[PDB]
Amino acid sequence: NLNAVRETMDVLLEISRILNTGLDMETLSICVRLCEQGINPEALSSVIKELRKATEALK
Amino acid sequence: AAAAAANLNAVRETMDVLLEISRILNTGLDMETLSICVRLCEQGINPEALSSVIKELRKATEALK
Amino acid sequence: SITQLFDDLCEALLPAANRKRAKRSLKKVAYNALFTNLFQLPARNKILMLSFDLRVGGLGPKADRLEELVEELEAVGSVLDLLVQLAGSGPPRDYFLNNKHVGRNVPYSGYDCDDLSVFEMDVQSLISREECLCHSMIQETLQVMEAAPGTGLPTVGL
Amino acid sequence: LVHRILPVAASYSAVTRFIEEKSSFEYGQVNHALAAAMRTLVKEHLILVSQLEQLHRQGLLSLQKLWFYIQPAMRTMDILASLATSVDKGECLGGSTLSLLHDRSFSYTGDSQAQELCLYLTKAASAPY
Amino acid sequence: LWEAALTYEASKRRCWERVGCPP
Amino acid sequence: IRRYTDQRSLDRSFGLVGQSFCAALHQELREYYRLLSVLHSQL
Amino acid sequence: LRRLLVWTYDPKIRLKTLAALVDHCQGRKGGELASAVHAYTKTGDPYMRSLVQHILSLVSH
Amino acid sequence: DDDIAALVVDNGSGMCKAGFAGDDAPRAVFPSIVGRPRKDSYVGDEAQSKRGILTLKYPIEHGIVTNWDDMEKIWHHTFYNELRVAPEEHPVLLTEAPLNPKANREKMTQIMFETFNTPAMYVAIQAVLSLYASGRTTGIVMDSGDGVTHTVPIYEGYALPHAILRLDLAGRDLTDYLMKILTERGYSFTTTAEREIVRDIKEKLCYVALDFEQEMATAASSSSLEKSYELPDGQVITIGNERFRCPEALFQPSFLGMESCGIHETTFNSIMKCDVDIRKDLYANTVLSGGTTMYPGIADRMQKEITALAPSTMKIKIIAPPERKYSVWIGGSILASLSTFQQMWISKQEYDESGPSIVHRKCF
Amino acid sequence: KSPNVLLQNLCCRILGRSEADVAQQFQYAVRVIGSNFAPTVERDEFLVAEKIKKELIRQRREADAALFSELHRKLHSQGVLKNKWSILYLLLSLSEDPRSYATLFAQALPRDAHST
């Protein structure tokens with residue numbers, strides 16, 4: 001199964017790449033597992049942006 | 001106020017006379033789908049493409065009925 | 001491991017160098033922002049509505065690719081619904097292009113003048129780029145070359 | 001300084017003559033296609049010099065600046081001039097001008113800039129044969 | 001939305017001393 | 001460092017690993033001419 | 001654009017082909033005239049191949 | 001902390017969790033027991049170690065406190081012995097069980113304003129705070145501690161107490177039924193040291209499957225899940241079927257002699273007592289809580305049963321935290337951290353001027 | 001609104017469905033409308049008016065062909081329509097006769113003579 005869950009994860013990177021999302025490979029794996037738990041994505045869209053704002057406040 | 005209500009009258013007038021031109025040309029459109037088409041034609045769109053869109057969707061609604 | 005996936009998400013977005021207490025507060029930022037939405041429509045149509053805006057400004061085959069991948073992803077739907085929200089948040093050759101002088105059976109077209117006009121912008125961007133480079137390397141050091149003494153220097157701020 | 005820049009001028013005149021000579025009927029089917037694939041590489045060489053001339057209209061160009069700009073064209077026209085003379089000197093028509101291009105693809109294998117130009121010319125010349 | 005407001009109930013009043021835009 | 005690579009690109013016997021060495025040494029020289037470009041432009 | 005050279009490059013290859021079709025077809029008529037238009041379409045150059053083969057389709061009709 | 005260090009205190013059934021707000025977990029965890037002469041007075045570890053010739057008193061046994069003096073002594077020993085702090089210079093946010101008594105809250109507020117004389121305090125529900133850690137305001141948190149259990153629905157934050165499902169089943173009955181099944185099979189699980197051993201075996205080696213029939217057929221056909229444990233004392237007993245039957249009593253209650261509803265059936269009845277517009281939303285952002293959620297795979301079994309229970313329109317999306325051991329403490333740490341939430345706690349001036357019963361108005 | 005959301009309203013108007021149902025036809029509509037957005041012919045309402053009059057004359061409905069001339073002036077009289085060429089070009093194309101050659105007659109200018 002792990003060969004299939006690898007390829008469906010790999011095709012999902014390119015649709016997040018040409019859609020100009022800042023998610024790299026590691027945060028994409030984190031977020032696809034977290035959405036696989038069952039959390040609503042409409043709030044993840046807020047937490048990723050808020051973490052990236054509070055990250056910019058240091059630099 | 002007033003200038004926001006005079007424009008409402010001036011757009012009801014045009015959406016009636018465009019419907020009259022639509023019925024003497026016997027186009028199958030009604031008052032509701034024409035308001036979508038005039039809105040699309042306001043922003044700038046090829047009528048040769050949008051007309052082909054409508055002539056495909058009206059040809060595919062019969063195969064499902 | 002839902003309480004740990006937020007802990008590793010808080011580590012990935014933390015930039016590398018206090019790094020031991022900033023995670024402790026960034027997890028509070030994650031939780032304080034995760035609750036505001038939860039205190040308070042198909043999936044592929046949101047992709048098509050962006051594929052349209054792709055096609056209007058040129059770049060046709062990229063939109064034909066964005067639809068091509070989501071036709072294979074059916075044979076998971078809540079993840080692409082997350083990707084379409086962060087669409088504008090990201091950071092800002094092939095000789096087998098148009099090239100009517102190569103092919104097996106090329107069709108008759110004649111002059112286009114609309115591929116050549118977008119072949120001279122493809123180079124106009126190059127020398128407009130290498131000049132803003134020499135406008136942004138001229139400046140970042142001359143702003144240090146003219147000021148008061150010890151402004152741009154870190155050791156003088158000690 | 002212009003003596004250092006003039007090799008790309010000399011490696012242009014020996015390419016346009018090759019395409020003008022080997023576009024004649026007597027040179028078979030493949031040496032036609034080899035002089036065919038070089039002219040999309042002639043197009044970019046001209047486009048750079050017109051853009052530099054229009055930049056020179058604004059006075060924001062120097063002789064050192066020009067010598068910095070033309071560095072890729074000095075390589076690409078040189079590989080085309082090498083292929084042009086190698087097809088001319090040893091008479092290469094048909095399959096014999098299909099062997100020599102496959103040899104230069106093995107000569108340049110680790111650069112990946114001169115390889116891609118040469119590998120493009122191989123697949124384009126291999127179309128009639 | 002505006003064509004939805006355009007489906008309103010119109011006032012059919014008129015005067016002689018009001019010729020232009022007189023609802 | 002330009003005398004060496006001017007000789008080494010003219011030698012076909014240097015091989016596959018040294019026309020690539022000659023390519024890397026040229027890539028480092030182009031950016032030095034970029035520094036000479038900005039040095040001329042601020043004059 | 002150094003005096004329109006990209007603008008007049010795509011005409012000149014097409015015109016030197018049309019001039020070839022002109023002066024090779026001088027004097028010929030009938031089935032010999034379509035044979036001379038067919039006597040230009042063994043050109044591997046696809047810009048010249050797609051041109052004369054389009055002119056063959058109009059001549060051969 | 002720009003202000004002085006805050007505090008959080010959760011007086012649970014099996015243990016008391018204290019700490020400072022914004023810390024990783026409750027900074028101290030001590031037992032809910034005081035020791036008297038049967039050293040004169042001690043708390044927690046010294047009392048449990050010297051429990052051979054002394055008496056122990058449970059300040060919180062089944063979510064309801066047994067003695068107010070024991071409650072004040074447990075709070076004072078948590079503030080003075082567990083953390084070594086001064087309670088008069090620290091604000092603490094306390095917890096509460098499902099629908100606690102107003103007189104008990106008044107006595108607790110009087111104790112917090114008189115025996116401690118702190119600057120400010122707050123007291124609210126526990127599963128609402130664990131929900132206030134779990135990402136989602138809206139949803140059902142099923143919290144089963146050591147002496148009480150509750151499936152608490154939460155709609156827009158303020159819980160609907162008419163849909164709060166109360167359950168009198170916990171880890172005491174779990175360890176007791178496991179010990180009874182082991183002694184019925186023939187093991188020595190009866191004594192006090194055997195009860196501690198059986199509770200440790202139920203915490204570590206016990207299993208939780210998806211259903212009873214498949215795991216029972218597998219354990220009856222072979223002994224794969226039977227894992228051997230030889231402790232430092234040298235006792236060695238291995239039983240896979242007892243470990244498979246220990247967590248299944250939440251779905252098959254008659255294995256331990258229970259006549260109440262199951263866990264998934266309790267969540268089903270809680271959704272049945274819930275409103276319509278919040279039904280699918282409560283079924284979509286429910287969370288797991290309670291220290292009994294330390295069983296692996298049981299959350300997957302609960303999510304499968306919750307998907308089977310409700311209709312096909314909504315789904316089952318359960319938040320299964322692997323810090324459900326300290327979920328309520330993490331909740332208080334999330335709650336007291338916010339700067340706007342500093343107005344939520346009630347101070348000592350309003351309490352002293354208008355009685356401790358003003359906590360019913362201020363601490364909503 | 002935007003044209004991308006507005007095309008889906010058209011796909012729900014012609015086909016009687018919801019936007020969660022019909023998504024294969026909207027996928028096709030984005031293909032044809034996108035990459036064909038810019039107008040390809042020079043815009044003038046005069047040529048389109050003289051073709052609608054010609055079409056209504058051709059069906060022996062000579063009375064409506066000069067009623068259209070009174071309807072076309074009111075569009076200019078009110079003046080809230082910016083592109084009057086596009087909507088008339090569309091309404092002529094979707095016209096059915098209630099009851100051949102066109103390279104001979106008047107056609108619109110190609111816009112290719114200009115450097116677009």
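Residues numbered from 1 in each chain as written, not as in the entry; some residues may be left out. Chains lettered and ligands numbered in written order. Part of a larger assembly, values for the part shown. Heavy atoms only, no water. Residues with missing side-chain atoms left out of burial classes, pairs and counts.

In terms of determination method and resolution, the entry is listed under cryo-EM at 16.1 Å.

## Some thoughts on the overall build of chain I
Secondary structure assignment for chain I yields five helices and zero strands. The helix and strand sequence of chain I, counted from the amino end, reads α-α-α-α-α. Against the compact-globule benchmark of 13 Å for 116 residues, chain I has a radius of gyration of 18 Å, which places it well outside the compact range. The C-alpha extent of chain I, read off along each of the three principal axes, is 45 × 40 × 35 Å. The buried share among the 116 residues of chain I stands at 40%. For chain I, the accessible area works out to roughly 6800 Å², and carbon and sulfur atoms hold 52% of it. Charged side chains in chain I number 17 positive and 13 negative. The centres of these two groups are separated by 3 Å. (Helix = DSSP H or I, 4+ residues; strand = E, 2+ residues; numbered from the N terminus. Rg over C-alpha atoms; globule rule 2.2 N^0.38 Å. Buried < 20%, exposed > 50% of the residue type's maximum accessible area, 1.4 Å probe, protein only. Areas by Shrake-Rupley, 256 points an atom, 1.4 Å probe, with all protein chains shown as cover. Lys, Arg positive; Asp, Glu negative; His and termini not counted. Charge placed at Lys NZ, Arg CZ, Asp CG, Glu CD.)

## Here we look at the overall build of chain B
From N to C terminus, chain B includes three helices and zero strands. When its helices and strands are written in sequence order, chain B yields α-α-α. Computed over the C-alpha atoms, the radius of gyration of chain B is 15 Å, more than 25% above the 11 Å expected from 2.2 N^0.38 for a compact globule of 65 residues. The C-alpha extent of chain B, read off along each of the three principal axes, is 50 × 25 × 20 Å. Residue burial in chain B is summarised as follows: out of 65 residues, 51% are buried.

## Quick word on the pattern of salt bridges
Between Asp88(D) and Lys22(D) there is a salt bridge, with the nearest N and O atoms lying 3.5 Å from each other. Here the residue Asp88(D) occupies a position in helix 6 (residues 71-89), and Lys22(D) occupies one in the loop between helix 2 (7-21) and helix 3 (30-37), the gap between them amounting to 66 residues. One salt bridge in this structure joins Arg58(I) and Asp97(I), with 3.9 Å as the shortest N-O distance. In this pair, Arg58(I) is assigned in helix 3 (residues 45-58) and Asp97(I) in the segment after helix 5 (84-93), connecting sequence segments 39 residues apart. Beyond isolated ion pairs, a larger network of salt bridges with shared partners links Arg55(C), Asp64(C), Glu67(C) and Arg31(I). (Salt bridge = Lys/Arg side-chain N within 4 Å of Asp/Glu carboxyl O.)

## Some words on the packing of helix 1 (residues 9-24) of chain G against helix 3 (residues 46-59) of chain G
Residues and elements named next belong to chain G. Relative to each other, helix 1 and helix 3 sit at 45°, their axes nearing to 11 Å. Compared by their axis directions, helix 1 and helix 3 come out oblique. Both helix 1 and helix 3 take part in a crossing whose hand is right-handed. Along its contact with helix 1, which presents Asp-10, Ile-13, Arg-14, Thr-17, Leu-18 and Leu-21, the element helix 3 presents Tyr-47, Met-48, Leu-51, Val-52 and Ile-55. Looking at the contact of helix 1 with helix 3 residue by residue, the classes come out as eight nonpolar, one polar and two charged. (Axes fitted to C-alpha atoms, helices over the stretch in contact; angles between N-to-C directions. Parallel < 35°, antiparallel > 145°, perpendicular 65-115°, else oblique. Left-handed = near helix turned anticlockwise from the far one by under 90°. Contact = heavy atoms within 4.5 Å. Nonpolar A, V, L, I, M, F, W, Y, C, P; charged D, E, K, R; others polar.)

## Details of the sheet that holds strand 4 (residues 34-37) of chain H
Residues and elements named next belong to chain H. Spatial strand order, 5-4-6: three strands in an open sheet with antiparallel pairing. In this open sheet, the two strands that pair with only one neighbour each are strand 5 (42-43) and strand 6 (54-57). In this sheet, strand 6 lies alongside strand 4 in antiparallel orientation, the contact comprising four bridges. Across the sheet, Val-34 pairs through a bridge with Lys-57, a residue of strand 6. (Pairing = 2+ DSSP bridges.)

## Observations regarding the interface of chain B and chain I
Listed by partner, the interface residues are 45 residues for chain B and 48 residues for chain I. Looking at the side of chain B that touches chain I, the elements with two or more residues in it are helix 1 (3-24), helix 2 (31-43) and helix 3 (47-64) of chain B. A per-element tally of the side of chain B that touches chain I places helix 3 of chain B first, with 15 residues.

## Examining the pairing of strand 1 (residues 7-11) of chain H
All names here are of chain H. Sheet topology note: the strand 1/strand 7 (residues 92-94) ladder contains three bridges and is parallel. Pairing of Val-9 across the sheet is with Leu-94, part of strand 7. In the sheet, strand 1 pairs with strand 2 (residues 15-19) via four bridges, with the strands oriented antiparallel. Residue pairing in the sheet places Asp-10 in a bridge with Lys-17 of strand 2. Hairpin connection between strand 1 and strand 2: a loop of three residues separates the two successive antiparallel strands.

## Some thoughts on the packing of helix 3 of chain B against helix 1 (residues 3-14) of chain I
At a closest axis distance of 9 Å, the pairing of helix 3 of chain B and helix 1 of chain I adopts a crossing angle of 35°. Between helix 3 of chain B and helix 1 of chain I lies a crossing of right-handed hand. Here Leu50(B), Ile54(B), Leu57(B), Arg58(B) and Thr61(B) of helix 3 of chain B come into contact with helix 1 of chain I, specifically with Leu10(I), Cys11(I) and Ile14(I). Of the residues in the contact of helix 3 of chain B with helix 1 of chain I, the class split is six nonpolar, one polar and one charged.

## A short note on the packing of aromatic side chains
Ring centres of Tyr4(F) and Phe14(F) lie 6.4 Å apart, and the angle between their planes is 80°; on these two criteria the pair is classed as edge-to-face. Placement of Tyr4(F) in helix 1 (residues 2-8) and of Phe14(F) in the loop between helix 1 and helix 2 (19-41) is noted, with a sequence separation of 10 residues between them. Members of the aromatic cluster, each reached through a chain of ring pairs, are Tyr95(C), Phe96(C) and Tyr120(D). Its end group placed over the ring of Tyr27(D), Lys22(D) keeps NZ or CZ at 5.5 Å from the ring centre. Here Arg14(G) stacks its cationic end above the ring of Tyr111(C), 3.7 Å away from the centre of that ring. (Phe/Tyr/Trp six-rings, centres within 6.5 Å; stacked < 30°, edge-to-face > 60°. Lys NZ or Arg CZ within 6 Å of the ring centre and 35° of its normal.)

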